[PDB]
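Written out below as structure tokens is the structure these notes cover.
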RNA sequence: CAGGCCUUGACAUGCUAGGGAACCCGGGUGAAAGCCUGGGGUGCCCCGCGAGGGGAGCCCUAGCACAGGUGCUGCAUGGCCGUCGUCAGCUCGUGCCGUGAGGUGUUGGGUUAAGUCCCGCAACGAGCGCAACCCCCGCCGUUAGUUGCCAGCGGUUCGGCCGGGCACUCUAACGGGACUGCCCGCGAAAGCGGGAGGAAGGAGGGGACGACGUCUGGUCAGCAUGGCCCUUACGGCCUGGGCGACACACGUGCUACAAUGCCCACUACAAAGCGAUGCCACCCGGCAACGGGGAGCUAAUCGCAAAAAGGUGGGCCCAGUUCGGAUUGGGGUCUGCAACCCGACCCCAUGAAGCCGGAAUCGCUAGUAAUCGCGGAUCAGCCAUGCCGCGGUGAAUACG
């Protein structure tokens, strides 16, 4: 019925269900275009659908929790690049060579005692 | 990079035209990280390359880059006890950064009301031979060659 | 004025604003951690000896 | 609802498989070990006695919560778990 | 609602103005508010070192005690 | 100053706490306030005996008051005499059900705080201090040791110029977490000032 | 901005409400 | 610091003479302190019906032996921290060269972040140091489900609400995994370039850890500590002041000088934590601060709580301005005995400088800088723009 992909990228959680068909997209109970309005990074995690030509092989149901607007986006990018290699384990071809797999450990750093914002050191004489 | 060659990062394409040089101008239009505001101002002004002088927002940008990219520059070096500005060919990577940057500066300084309004205008005029970044490109270039007296004072 | 002082924190006087956190093994007035009852340098040397119940040195 | 509090987890996770293992042998039917998000209290301290704000250090208080439920209660269940193996540093809780 | 005057001074005050208006009440209460009975007297208020007297008038009724005998000595710089 | 306390480093890496119990917001300071109170009575009138650590446990008015020690008799006496009048003086302030305990130290020449307050007592005794550090270290390797390290700090012998005396035969890799090293500190107050004394016994890996 | 109390940005930075930022 | 008090003292141990004890309430005064003073009446081990007693808690007075001192000395100190410096060092053992200081090793050729390893060698070993084991993060699993969940069905008053379920998400414990281990390239070896598979490769990101030592570094004011010195005062209590003074001088910072902006409506998406004489849901009253009423939580289930930016679409139109929030006047609230000196929060009005800064200088290499909001501690309240954290948007560049 579905195809499932676990997505995260920097304190974000994006649960995807590549339920086949037309290509309509809902996250958290609304069209992808309603939620993600304004955003130009918002077109998007539907790009893994552009690495296996399947804009017209899948509608989408997604749940998402954490981080922010464009930080959630990169989660569904791991959530749509995983829900396609699950459907066709022969589709990681043109997915990891196209770099849509993996999961970026690019996390915001612990603020350091002394440096005003992790590294932005105090001004001295 | 006393040690290494200092890694050159590739950029993303831009979802709208899939161009790694369109992300490179929008990053230099950026301010305070607010990239969502950085991106409108292109397509706000790309629309201004389309409304005014009906053409190709893809191609007026890519010309305005080659119309501000400086092939010869001069950096000052210390010899004897002298401050000689050395004639050198500015590398292609230096060019990109050099082209885009003057392009934001010259545009920001413009006497027009909205940000993109300037951005477009400048891009148009750069390809047309007459911009603010276009003066600056010739300034550096003829600042060089005026200084070819220091050509073997080049590394 | 110091010891007769630490006595003065032990005896609540004329008002309820007028009380403060002095200290126990320290006679220390400032940087008093009330959860621990300990005065920043009281706290730290006993945290290293381990005389503080399950109080780890962090690292993350 | 046998809400097991504590500081040390390795001592706390030996007795929450103890009232897990032993009530199952003594009734039914033991909710397996559930781990609550540990509530952390930190202490950042100027290492030196005097001034030296530039140099400090980090100490934390990890008090990890643990809940466990008894499904079909029974007698002998609260008398097998009336007298329980300690340890010196674990907190109990009884409900239903 | 709320107005504060110590009440060791307003005790004398409503005992002094009552029992024959004199003046010259010395006190260590600049925290008090100069209630309108104090009008026309002489309170010697303590700024810390000195008991500066004040001749109480109408021109300052809802006013406090310690503004009226300042603690610091200025005169100038140079 | 630039070094970390080799113990507080290992509190859950090698060694372990000495009030190993649980509490929270309501009552944390008061059982802990008691602990130091316990340690004041027990570090005084349990000196001339040994005493290297105090492991303390709590329940619900059950404070366990366990002593590590070099010589147990000086806690219990004869028949059971002292360990009971110690379980009469302590269970007064502690307000609860005490339990004054004893566990004998397998060679007090591998216990470091023992290695310490011995060698520092030898400072207030006005001995060859230098030769004592070479001595007390020497003894500890002589009785099963992978390494040791002692440091004496202050008016060494009394001399006005404040020195730092130092000795360490055998490996002590303080930078390691699985290093197991016992450490203690001895405070020799003298005819002329206070001398610092340290202790560092590499006991083996883990 | 964040120092002009009599507005929205002024209360927020500050940690306050009233008219120009209410609850 | 000023004024007013107390002398064995605010605190400790002990001995001695008289009371006598505990303990609770006044009276008078005084700014408070303190001073003087009117009540009740002690279990107990006790000859004892008794008069009455012995002794002992706890108290007073007197008199000591003493206290107390943030007074001086951080070159008489401990301890702890700062610092060079995460820098790649600094040493021993024996052997050997040298009359000796000392050297040799540790130097040299090759390579790492590194005394990183490899090879050479009158050297061969060895320690403290780097690394490793520890934490955090990033991939996957086991264990576990009152936090998640139409992913699954039914019902859904339509709030995951009920059932119902652990697959998820999440939680938090134990595990797995990277090893230049596999190939290609070169190299005597180590090792470098490049490839694949891989969630991540070449210390994957950060933390913690910082050598013998140096700076007669810093703290006697956290604490202790040798000594000097003060013992109706250098002790101590108290009321009030000062620590917040202002002709000026420098450091760290906050908010700006606007339109990539401000303003107003409305609409989304975090994380870390903290919550009982606490967090305060929700109504009512107030332009509001707040003020009532009042529900729930020992807290992954109640609460702080709003994130902000952003997005939508309207206001402003280049104006010292709807830029910027200083200053002052007035009316207010809350904490608190008490906001004159000296508190924050609110409402109205006043709306100064400032149109981006001379000479000079600081920070930062990737999720960093920039920008944005949130917590916490200490704290009644608060002068936090500080500090310690948390995450949101997210770059620039590196020939050398």
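Protein chains in written order, with PDB author numbering: chain DI, 2 to 126; chain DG, 2 to 156; chain DN, 2 to 61; chain DJ, 5 to 100; chain DS, 7 to 84; chain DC, 2 to 207; chain DU, 2 to 24.
All C-beta atoms, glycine included, are put in the ideal place defined by N, C-alpha and C.
### Message
Counting only Cβ pairs nearer than 9 Å, list the residues of chain DN close to residue 12 of chain DJ.
### Response
In the fourth chain, the residue the question calls residue 12 of chain DJ occupies position 8. Within 9 Å Cβ-Cβ: 55.
### Query
What residues are listed by DSSP as bridge partners for residue 49 of chain DN?
By one-based count along the third chain, residue 49 of chain DN stands at place 48. Paired residues: none, contrary to the question.
### Query
Whose C-alpha, out of DI/2, DI/4, DI/8, is nearest the C-alpha of residue 101 of chain DI?
Stepping through the first chain from its first residue, residue 101 of chain DI is reached at position 100. Cα-wise, what sits closest to residue 101 of chain DI is DI/8.
### Query
Does the distance from the C-beta atom of residue 203 of chain DC to that of residue 145 of chain DC stay below 8 Å?
Taking the first residue of the sixth chain as 1, we reach residue 203 of chain DC at position 202. Taking the first residue of the sixth chain as 1, we reach residue 145 of chain DC at position 144. No, Cβ-Cβ distance for residue 203 of chain DC and residue 145 of chain DC is not below 8 Å.
### Query
residue 39 of chain DG and residue 27 of chain DG look like a contact to me (Cβ under 8 Å); what is the Cβ gap, rounded to whole Å?
As a first step, residue 39 of chain DG must be located in the second chain, where it is residue number 38. As a first step, residue 27 of chain DG must be located in the second chain, where it is residue number 26. So it is a contact: roughly 5 Å between Cβ atoms.
### Query
Where are the alpha helix (DSSP H) runs, 4 residues long or more, that stay fully inside the region 5 to 67 of chain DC, in chain order?
The DSSP assignment places complete alpha helix (DSSP H) segments of no fewer than 4 residues inside the region 5 to 67 of chain DC at 30 to 45, in order along the chain.
### CB contact below 8 Å: residue 184 of chain DC versus chain DJ
In the sixth chain, counting from the first residue as 1, residue 184 of chain DC sits at position 183. Chain DJ contact via Cβ: absent.
### Query
So, helix, strand or coil for residue 98 of chain DJ, using DSSP?
Locating residue 98 of chain DJ in the fourth chain gives position 94, where the first residue counts as 1. Residue state, collapsed to three classes: coil.
#### Entry: In DSSP terms, what residue 88 of chain DG is bridged to
As a first step, residue 88 of chain DG must be located in the second chain, where it is residue number 87. According to the DSSP secondary-structure assignment, residue 88 of chain DG is paired through a beta bridge with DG/75.
### Task
Please classify residue 154 of chain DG: does DSSP put it in a helix, a strand, or coil?
Here residue 154 of chain DG is taken as the residue at index 153 of the second chain, counted from 1. Residue 154 of chain DG falls in the helix class under three-state DSSP.
### beta strand (DSSP E) segment containing residue 114 of chain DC, residue limits
Taking the first residue of the sixth chain as 1, we reach residue 114 of chain DC at position 113. Not the beta strand (DSSP E): residue 114 of chain DC falls in the alpha helix (DSSP H), residues 113 to 125.
### Contact with chain DJ by residue 1 of chain DN, beta-carbon distance below 8 Å
Here chain DN comprises residues numbered 2 to 61, so residue 1 of chain DN is not present and cannot be evaluated.
### Query
Thinking just about the alpha-carbon of each residue, which of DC/74, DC/86, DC/80, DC/176 is nearest to the one in residue 4 of chain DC?
As a first step, residue 4 of chain DC is located in the sixth chain; it is residue number 3 there, counting from the start. Among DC/74, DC/86, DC/80, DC/176, the Cα nearest to that of residue 4 of chain DC is on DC/176.
### Task
May I ask which residues mark the beginning and end of the beta strand (DSSP E) holding residue 154 of chain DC?
On the sixth chain, residue 154 of chain DC is found 153 positions in, with the first residue counted as 1. Segment 151 to 154, the beta strand (DSSP E) holding residue 154 of chain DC.
### Query
From the beta carbon of residue 115 of chain DI, is the nearest beta carbon of chain DJ less than 8 Å away?
Position 114 of the first chain, counted from the start, is the residue given in the question as residue 115 of chain DI. Judged by the 8 Å Cβ criterion, residue 115 of chain DI is in contact with chain DJ.
### Query
In terms of residue numbering, what span does the beta strand (DSSP E) encompassing residue 59 of chain DS cover?
Along the fifth chain, one-based indexing puts residue 59 of chain DS at 53. According to the DSSP assignment, residue 59 of chain DS belongs to the beta strand (DSSP E) that extends over 57 to 60.
### Message
Which residues in chain DN have a C-beta closer than 9 Å to the C-beta of residue 56 of chain DJ? List them in chain order.
### Response
In the fourth chain, counting from the first residue as 1, residue 56 of chain DJ sits at position 52. Chain DN residues near residue 56 of chain DJ: none, gap ~12 Å exceeds 9 Å.
### Cβ-based burial, residue 29 of chain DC [other Cβ within 10 Å; buried from 16]
Counting from one through the sixth chain, the residue named residue 29 of chain DC turns up at place 28. Answer is buried; the Cβ neighbour count reaches 16.
### Message
Taking CB distances under 8 Å as the criterion, tell me whether residue 25 of chain DN reaches chain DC.
### Response
Looking up residue 25 of chain DN in the third chain gives position 24. Yes, residue 25 of chain DN lies at the interface with chain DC (some Cβ there is under 8 Å from its Cβ).
### Query
For residue 15 of chain DJ, is the beta carbon positioned less than 7 Å from some heavy atom of the ligand FAD?
Ligands displayed in this structure: none; no statement on the ligand FAD is therefore possible.
### Within-8 Å CB hit, residue 40 of chain DG to chain DI
On the second chain, residue 40 of chain DG is found 39 positions in, with the first residue counted as 1. Yes, contact with chain DI.
### Neighbouring residues, chain DN, relative to residue 53 of chain DJ (Cβ below 8 Å)
Numbered from 1 along the fourth chain, position 49 holds the residue referred to as residue 53 of chain DJ. Under the 8 Å cutoff, chain DN gives 42.
### Query
Based on the DSSP secondary-structure assignment, which residues constitute the bridge partners of residue 1 of chain DU?
This structure does not reach residue 1 of chain DU, given that chain DU is present from 2 up to 24, and the question cannot be answered.
### Message
Check whether the region 62 to 75 of chain DJ and the region 33 to 40 of chain DJ touch, using three or more Cβ-Cβ pairs below 8 Å as the test.
### Response
Result yes; three or more Cβ-Cβ pairs closer than 8 Å.
### Task
Whole angstroms is fine: what's the gap from residue 57 of chain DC's alpha carbon to residue 68 of chain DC's?
To locate residue 57 of chain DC, count along the sixth chain from 1; it is residue 56. To locate residue 68 of chain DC, count along the sixth chain from 1; it is residue 67. Going by C-alpha positions, residue 57 of chain DC is about 8 Å away from residue 68 of chain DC.
### Query
Are the Cβ atoms of residue 198 of chain DC and residue 153 of chain DC separated by less than 8 Å?
As a working note, residue 198 of chain DC is residue 197 in the sixth chain. As a working note, residue 153 of chain DC is residue 152 in the sixth chain. Going by C-beta atoms, residue 198 of chain DC is nearer than 8 Å to residue 153 of chain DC.
### Query
If residue 135 of chain DG and residue 68 of chain DG are in contact, beta carbons under 8 Å, what's the gap, nearest whole angstrom?
Translated into positions along the second chain, residue 135 of chain DG becomes position 134. Translated into positions along the second chain, residue 68 of chain DG becomes position 67. Contact between residue 135 of chain DG and residue 68 of chain DG holds: their C-beta atoms lie close to 6 Å from each other, under 8 Å.
### Where residue 21 of chain DN meets chain DJ, residues with beta-carbon distance less than 7 Å
Your numbering for residue 21 of chain DN matches position 20 in the third chain. For residue 21 of chain DN, there are no C-beta contacts with chain DJ under 7 Å, since the nearest C-beta of that chain is about 20 Å from it.
### Query
Taking contact to mean at least 3 C-beta pairs separated by less than 8 Å, is the region 81 to 90 of chain DJ in contact with the region 41 to 54 of chain DJ?
Three or more beta-carbon pairs separated by less than 8 Å are not found between the region 81 to 90 of chain DJ and the region 41 to 54 of chain DJ, which leaves the two stretches without contact.
### Message
Could you tell me the alpha carbon to alpha carbon distance between residue 29 of chain DN and residue 40 of chain DN, rounded to whole angstroms?
### Response
Against the third chain, residue 29 of chain DN aligns to sequence position 28. Against the third chain, residue 40 of chain DN aligns to sequence position 39. The C-alpha of residue 40 of chain DN is placed about 6 Å away from the C-alpha of residue 29 of chain DN.
### Query
What separation, rounded to the nearest whole angstrom, lies between the Cα atoms of residue 55 of chain DI and residue 45 of chain DI?
Counting from one through the first chain, the residue named residue 55 of chain DI turns up at place 54. Counting from one through the first chain, the residue named residue 45 of chain DI turns up at place 44. When rounded, the distance between both Cα atoms is 14 Å.
### Query
Can you check whether the CB of residue 150 of chain DG is closer than 8 Å to the CB of residue 184 of chain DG?
Not covered by the structure: residue 184 of chain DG. The range shown for chain DG is 2 to 156.
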